[PDB]
Structures are given as structure tokens and as C-alpha cells.
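Novice: One structure, as C-alpha cells, below. Some questions next.
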2 protein chains.
Amino acid sequence: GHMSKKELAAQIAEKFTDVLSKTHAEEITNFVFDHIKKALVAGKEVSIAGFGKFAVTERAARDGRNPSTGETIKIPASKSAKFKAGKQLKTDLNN
Amino acid sequence: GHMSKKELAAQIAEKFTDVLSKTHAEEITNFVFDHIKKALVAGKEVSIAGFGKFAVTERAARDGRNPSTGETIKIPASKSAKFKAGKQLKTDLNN
């Protein structure tokens, strides 16, 4: 199955029937995924109670001659977000 | 640094002040995450354009007891999920 955020933004318009319309609930859903991001560059662990918590990790930068292939390397460091699953995705999801 | 679902609730309530209120907007904010939890149940490839992607995983079983606290380790063979990061939460989180 494919699933994209318009599928999420449609749903909440369809169930909060008289306050969210699909045309506005697209923006409402935008600010979900925007603000996670603005938090995660600010220094923060974004906790979503029952669901899990997203925090940052850093990869080390690597330099040298790769000793399998002999190719020289100049790979820099970088940060990324990662995730730790909670009960909604454990015992609520598992039957 | 730390961030809750309560501040995701305040965020949209700032934008649409007369139709969304920070306690009301908690439930709107929760039902996004409830509809992604529902999707990873059947096994849908939840791929949020720019944010990243959500798919299944199987938990690996572990039967044991931590001697250093006295707690049982009692992981079954269970359904869970996992995130794979996309461009907003790696490449442009990263500077």
C-alpha cells in the first residue's frame, strides 16, 4: 500500500466533520511535520506520548585510504533524526 | 532539550485562533498519529514527502532476566514499526 500525508489530512477532515474541511486540514497537517523539524534543529527530543520519541544522532566524518579497495576517502560528518517506538507501535499494534 | 505533543497542540491553535483551541487541537494533533498507527497495523508504506518513511518491523524475541536490576527480559516475536529519515530530517536538518 502507498500512503502520503494527503491521506492523513483527508482523514481528519472527514472525522472532525464540521470544523476541519479537507482544503484547510492540508495546512493543519503541514504544521505537524514543520514543527517537529524546527524543534529537532533547535536541540530537542520530540516525544509523542504512546507513539515514541524522535531525537537526533550524529555520524562521524571519515578520512584515509579505505583498506578493502584502496580508494581514498574524504567523507564528512552529518546529523540526522532517528526514532524509538512506543506502545502504540508495540502492544497496541501487536495482537 | 524536550518537546511534547502539547506544544504541537498550541502550534496550530496560534494560526486558526477562532476555530481551533489548544485543548481541541490536541485531539486533531493526536488523530494524525492515530491514523499512521492504524496504517502500520496492516502494513502500509507511510511515506511522508520530505519528512521520511514509516514501515513495519518484526521484533526479535529475547527471553532473559537482567541480573543487575532483577527485571525479566521477556520480548516475544511481535509486530512493531520503524522510521527511515528523509530530506528535512537529515540533509537540511544537517548544515
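In the C-alpha cells, chains take the letters A, B, ... in the order shown, each chain's residues start at 1, and ligands count up from 1 in the order shown.
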For chain A, work out the contacting residues on chain B at 6 Å, counting only C-alpha atoms, and write them as a list in words.

Specialist: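 Residues passing the distance filter: residues 1, 2, 3, 4, 5, 41, 44, 45, 46, 47, 48, 79, 80, 89, 90, 93 and 94 of chain B.
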
Novice: Step one, run DSSP on the backbone; step two, keep only residues of chain A assigned to strand (DSSP E or B); then write them as an MDAnalysis selection string.

Specialist: chainID A and resid 2:3 45:48 52:59 62:65 72:75 78:85

Novice: Save the residues we just selected, N, CA and C atoms, as a short mmCIF file (atom, residue, chain, number, x, y, z; two decimals), in the first residue's frame?

Specialist:
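Generated output (out18.cif):
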```
data_model
loop_
_atom_site.label_atom_id
_atom_site.label_comp_id
_atom_site.auth_asym_id
_atom_site.auth_seq_id
_atom_site.Cartn_x
_atom_site.Cartn_y
_atom_site.Cartn_z
N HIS A 2 0.63 2.32 -0.78
CA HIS A 2 1.24 3.62 -0.63
C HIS A 2 0.45 4.50 0.33
N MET A 3 1.03 5.41 1.12
CA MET A 3 0.30 6.29 1.99
C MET A 3 1.14 7.57 2.09
N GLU A 45 14.33 16.75 21.92
CA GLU A 45 13.81 15.41 21.77
C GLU A 45 12.30 15.60 21.66
N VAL A 46 11.76 15.19 20.51
CA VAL A 46 10.36 15.35 20.21
C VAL A 46 9.67 14.04 20.59
N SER A 47 8.96 13.96 21.71
CA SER A 47 8.21 12.93 22.41
C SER A 47 6.75 13.06 22.02
N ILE A 48 6.12 11.93 21.67
CA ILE A 48 4.79 11.80 21.10
C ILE A 48 4.14 10.65 21.89
N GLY A 52 6.10 7.14 20.60
CA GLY A 52 7.55 7.06 20.58
C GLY A 52 8.13 8.47 20.60
N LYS A 53 9.45 8.60 20.41
CA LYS A 53 10.17 9.83 20.61
C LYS A 53 11.24 9.85 19.53
N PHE A 54 11.36 10.96 18.81
CA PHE A 54 12.34 11.24 17.78
C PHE A 54 13.40 12.17 18.36
N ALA A 55 14.68 11.81 18.23
CA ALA A 55 15.84 12.55 18.67
C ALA A 55 16.88 12.42 17.57
N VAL A 56 17.91 13.25 17.73
CA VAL A 56 18.95 13.41 16.73
C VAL A 56 20.04 12.42 17.08
N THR A 57 20.86 12.05 16.09
CA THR A 57 22.07 11.26 16.10
C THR A 57 23.03 11.96 15.14
N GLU A 58 24.35 11.80 15.28
CA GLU A 58 25.45 12.35 14.52
C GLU A 58 26.27 11.18 13.99
N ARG A 59 26.65 11.16 12.71
CA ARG A 59 27.61 10.25 12.13
C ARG A 59 28.98 10.92 12.09
N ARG A 62 34.96 10.56 8.13
CA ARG A 62 35.94 9.52 7.85
C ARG A 62 36.81 9.98 6.69
N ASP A 63 38.11 9.79 6.96
CA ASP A 63 39.21 10.21 6.11
C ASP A 63 40.29 9.14 6.12
N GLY A 64 41.10 9.07 5.07
CA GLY A 64 42.00 7.95 4.90
C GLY A 64 41.99 7.16 3.60
N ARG A 65 42.57 5.96 3.55
CA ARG A 65 42.54 5.10 2.39
C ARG A 65 41.75 3.90 2.90
N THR A 72 40.80 6.39 -1.64
CA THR A 72 40.91 7.42 -0.61
C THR A 72 39.53 8.01 -0.39
N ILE A 73 39.34 8.48 0.86
CA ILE A 73 38.07 8.93 1.37
C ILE A 73 38.20 10.23 2.15
N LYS A 74 37.16 11.05 1.93
CA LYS A 74 37.02 12.38 2.48
C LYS A 74 35.52 12.47 2.72
N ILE A 75 34.97 11.72 3.67
CA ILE A 75 33.54 11.68 3.87
C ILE A 75 33.31 12.52 5.12
N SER A 78 27.81 14.43 9.60
CA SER A 78 26.43 14.82 9.41
C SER A 78 25.60 14.38 10.60
N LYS A 79 24.56 15.15 10.92
CA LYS A 79 23.45 14.84 11.81
C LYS A 79 22.23 14.29 11.09
N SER A 80 21.32 13.53 11.70
CA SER A 80 20.09 13.02 11.13
C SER A 80 19.15 12.82 12.31
N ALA A 81 17.83 12.78 12.09
CA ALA A 81 16.90 12.30 13.10
C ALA A 81 16.70 10.80 12.94
N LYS A 82 16.43 10.20 14.10
CA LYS A 82 16.16 8.81 14.41
C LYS A 82 14.99 8.85 15.36
N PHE A 83 14.52 7.62 15.62
CA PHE A 83 13.29 7.26 16.27
C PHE A 83 13.33 6.05 17.19
N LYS A 84 12.63 6.04 18.33
CA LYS A 84 12.44 4.93 19.26
C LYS A 84 10.97 4.67 19.47
N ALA A 85 10.38 3.54 19.03
CA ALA A 85 8.97 3.24 19.00
C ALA A 85 8.41 3.05 20.41
#
```

Novice: Calculate the C-alpha RMSD, in Å to one decimal, after superposing chain B onto chain A by least squares over all C-alpha atoms paired in sequence order.

Specialist: 4.0 Å

Novice: How would you write, as a list in words, the set of residues in chain A that DSSP gives as alpha helix (DSSP H)?

Specialist: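 Taking chain A and keeping alpha helix (DSSP H) only, one gets residues 5, 6, 7, 8, 9, 10, 11, 12, 13, 14, 15, 25, 26, 27, 28, 30, 31, 32, 33, 34, 35, 36, 37, 38, 39 and 40 of chain A.
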
Novice: May I have the selected residues written with N, CA and C atoms, as a short mmCIF file (atom, residue, chain, number, x, y, z; two decimals), in the first residue's frame?

Specialist:
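Wrote selection.cif, looks like this:
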```
data_model
loop_
_atom_site.label_atom_id
_atom_site.label_comp_id
_atom_site.auth_asym_id
_atom_site.auth_seq_id
_atom_site.Cartn_x
_atom_site.Cartn_y
_atom_site.Cartn_z
N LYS A 5 0.79 12.14 2.98
CA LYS A 5 0.22 12.98 4.01
C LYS A 5 -1.15 13.52 3.65
N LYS A 6 -1.55 13.58 2.38
CA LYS A 6 -2.89 13.92 1.94
C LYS A 6 -3.95 12.93 2.37
N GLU A 7 -3.58 11.66 2.54
CA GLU A 7 -4.32 10.58 3.13
C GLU A 7 -4.59 10.82 4.62
N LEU A 8 -3.60 11.36 5.35
CA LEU A 8 -3.72 11.78 6.73
C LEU A 8 -4.57 13.04 6.82
N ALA A 9 -4.28 14.08 6.04
CA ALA A 9 -5.02 15.32 6.08
C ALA A 9 -6.48 15.21 5.66
N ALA A 10 -6.84 14.32 4.74
CA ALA A 10 -8.18 13.90 4.40
C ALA A 10 -9.05 13.28 5.48
N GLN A 11 -8.36 12.47 6.30
CA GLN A 11 -8.97 11.67 7.35
C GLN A 11 -9.48 12.60 8.43
N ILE A 12 -8.63 13.52 8.86
CA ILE A 12 -9.02 14.36 9.99
C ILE A 12 -10.05 15.39 9.58
N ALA A 13 -10.07 15.69 8.28
CA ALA A 13 -11.17 16.49 7.77
C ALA A 13 -12.50 15.75 7.74
N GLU A 14 -12.40 14.45 7.43
CA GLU A 14 -13.53 13.54 7.33
C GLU A 14 -14.14 13.10 8.65
N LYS A 15 -13.46 13.26 9.80
CA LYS A 15 -13.91 12.84 11.11
C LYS A 15 -14.13 13.94 12.15
N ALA A 25 -7.49 21.52 6.25
CA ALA A 25 -6.83 20.49 7.03
C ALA A 25 -5.55 19.97 6.40
N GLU A 26 -5.21 20.37 5.17
CA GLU A 26 -3.98 20.17 4.45
C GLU A 26 -2.85 21.01 5.03
N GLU A 27 -3.12 22.27 5.39
CA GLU A 27 -2.26 23.21 6.08
C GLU A 27 -2.06 22.83 7.54
N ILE A 28 -3.10 22.38 8.24
CA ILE A 28 -3.17 21.94 9.62
C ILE A 28 -2.22 20.78 9.88
N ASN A 30 0.31 20.21 7.74
CA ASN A 30 1.60 20.76 7.34
C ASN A 30 2.48 21.16 8.50
N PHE A 31 1.79 21.77 9.48
CA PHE A 31 2.35 22.36 10.67
C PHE A 31 2.64 21.28 11.71
N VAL A 32 2.10 20.06 11.57
CA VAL A 32 2.61 18.88 12.24
C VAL A 32 4.08 18.68 11.91
N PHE A 33 4.33 18.39 10.64
CA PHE A 33 5.64 17.98 10.16
C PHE A 33 6.69 19.08 10.04
N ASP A 34 6.24 20.33 9.93
CA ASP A 34 7.08 21.51 10.01
C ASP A 34 7.80 21.73 11.33
N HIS A 35 7.06 21.48 12.42
CA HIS A 35 7.40 21.95 13.75
C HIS A 35 8.23 20.95 14.53
N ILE A 36 8.01 19.67 14.21
CA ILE A 36 8.97 18.62 14.54
C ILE A 36 10.38 19.02 14.14
N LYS A 37 10.46 19.45 12.88
CA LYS A 37 11.69 19.78 12.20
C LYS A 37 12.40 20.99 12.79
N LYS A 38 11.67 22.08 13.06
CA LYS A 38 12.08 23.31 13.72
C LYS A 38 12.53 23.08 15.16
N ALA A 39 12.12 21.97 15.77
CA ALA A 39 12.45 21.56 17.13
C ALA A 39 13.73 20.74 17.16
N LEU A 40 13.82 19.87 16.15
CA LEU A 40 14.92 18.95 16.02
C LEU A 40 16.17 19.70 15.58
#
```
